[PDB]
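Before any questions on binding or motion, here is one chain by itself as structure tokens, the form deposited in one PDB entry.
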């Protein structure tokens, strides 16, 4: 069926999913863009409703897998979309309720722990790098919204691709100690170069937000503190960039490379 009026009750409800409070109440979230819908489906997330605009391809309709397919008019589409140039494919997926307690880590895991909230767009970039390097788990700050239009768009759907859990600092500390994982803190003044850590047997990298840096409690908790060399005028890199360097160094060692 099709819905024409932007004022239709179903459309208003779809547009309301732009707000975190409405997503948490209804248990649904909107995924905008063909690429992002593909990743949410490939990740096995439960599609409830597929929204198709006027210029969608025929292959787009076959993505529904039996879910409701609602064709929306451009006027209706404009209201639902979080974009200047709305996408022709959108999906309403069920919001997953997941607990860090349900997590069991495979062999020699690569874990990234982000402490504190970081500038917008940093998380999306980090998830892309984490997805690329094959990270097994990413812990983020307790207040992080993993289902916002922003994180979905900035991660290009990589947010769906891996286990990401927003947790309080104390929950993170407890989980890591339970897992008996060596903690490696990335700090500007770390005693060792980050190439020199041994990441072949599994590791949790500790990474702080630019505003405050790593709390001293976490620096002390680390088995090793490591640094990224800065040989120029700049004294630090963006936290997302630091994350990518660490992850790909750990992947380099898992691919046959030796610690420096």
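Positions refer to the first chain, counted from 1.
Asks: Of 72-80 and 132-140, which one has the bigger average CA B-factor?
Replies: That would be 72-80.
Asks: Between 246-254 and 6-14, point out the one with the higher average CA B-factor as the PDB entry records it.
Replies: So the stretch with the higher mean C-alpha B-factor is 6-14.
Asks: Would you mind checking which of 222, 193, 41, 67 has the top Cα temperature factor in the PDB entry?
Replies: Highest CA B-factor of the listed options: 67.
Asks: In the PDB entry, which of 164, 117, 92, 125 has its C-alpha at the highest B-factor?
Replies: In the PDB entry, the greatest C-alpha B-factor among 164, 117, 92, 125 is found at 117.
Asks: Compare the C-alpha B factor of residue 157 with those of the other modelled residues in its chain, then answer lowest, middle or highest third.
Replies: It falls in the bottom third of the chain.
Asks: In terms of the CA temperature factor given in the entry, to which third of its chain does residue 201 belong: lowest, middle or highest?
Replies: Middle third of the chain for residue 201's C-alpha B-factor.
Asks: Lowest, middle or highest third: where is residue 181 by Cα B-factor in its chain?
Replies: CA B-factor rank for residue 181: middle third.
Asks: Considering every modelled residue of the chain and its Cα B-factor in the PDB entry, is residue 168 in the lowest, middle or highest third?
Replies: It belongs to the middle third of the chain when residues are ordered by C-alpha B-factor.
Asks: If you rank every modelled residue in this chain by C-alpha B factor, which third holds residue 45: lowest, middle or highest?
Replies: It belongs to the middle third of the chain when residues are ordered by C-alpha B-factor.
From this point on, the text means the form deposited in another entry, which you will not see here.
Asks: Rigid parts turn against each other between this form and the one not shown - so which of 204, 63, 53, 161 is at the hinge?
Replies: Looking at 204, 63, 53, 161, only one falls at a hinge: 161.
Asks: Residue 226 and residue 143: do their C-alpha atoms lie closer or farther in that other deposited form than in the form you see, with a change of 3 Å or more?
Replies: Relative to this form, closer in that other deposited form.
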